[PDB]
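One chain follows as structure tokens, the form deposited in one PDB entry.
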């Protein structure tokens, strides 16, 4: 983390063991690419030098698989950034090494000069995680997901909602998918119960109506 000395001096202290425990526990239970890890890190990564955002990501337990896809995607995003900002004709500017904080000494990362670099680094990592989770089809194809046999509608809803959120499409498309799919991919037992309960509004029904009917009596 970056420490703001009273005189405005900036120094680096190791990520507090407690912060690793929270990030790691989210990483074991939910995916390293899971939106929950993406959020936790974004809440706690306002005070983290560029190197730490990268190190915490490497240290967090998770499959070598996802850590492999993220490393490739993170590099790919960095490539695009570099073609975008040719080296600076006047002034230091930002090079991929500076933004990824490779070649710079830990204390230097805290120095305010890199203020921009922490932000961009977090941006790529939080872009990388989003891209990896979508590719991992951990949510899966949105229409593809269907109710498990003898499964609570809420659980199907949880998978269906995650898939609808993961797809990179405008909100209106997500809304139509959320209302229409909830019934189409639903199991017959909830489907029939919803069909009678919500009548002919099954397509125009909200998630709340469908989840206060199949899950409940």
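Numbering follows the first chain given and starts at 1.
Just so it is clear, the following notes concern the form deposited in another entry, a form of the same protein that is not shown.
When the chain shifts between this form and the one not shown, residue 144 and residue 57 travel apart, each with a separate rigid block.
Relative to the shown form, the Cα atoms of residue 77 and residue 91 move together by 3 Å or more in the other form. Relative to this form, in the other form the C-alpha atoms of residue 76 and residue 91 approach one another by 3 angstroms or more.
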